[PDB]
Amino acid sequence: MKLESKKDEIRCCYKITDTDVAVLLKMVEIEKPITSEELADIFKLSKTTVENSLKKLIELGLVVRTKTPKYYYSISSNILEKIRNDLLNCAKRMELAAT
């Protein structure tokens, strides 16, 4: 595929919260691996809170974690294509629901 201007679509298509989308987009822009404690300083939230978002994004295969702090998180190298496809499928499922 901008990703910032598609916050609505993204939030709905994946059914995620505002914190989730905040965490995701931030990781996309820093273009580098990051810890849970760093993110927490960025959004001023508890590690646990932050980690809940990360978990949610990892299950969606948008974020990848890696052991060695303790864990590091990074965005999929092909993240933009994954979202493009995920939004196209969401639109198709939505058209079906509008039947």
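Sequential numbering from 1, following the sequence displayed.
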| remark: Missing residues of the deposited chain between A98 and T99 number none
| task | Going by the record, give me the number of deposited-sequence residues missing between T68 and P69 as none, 1 to 3, 4 to 9, or 10 or more. | result | 4 to 9
| request: Using only the Cα atoms and their B-factors as the entry lists them, report which of 32-40 and 49-57 averages higher. | output: 49-57
| message | Using only C-alpha atoms and the B-factors in the entry, which stretch averages higher, 85-93 or 19-27? | response | 19-27
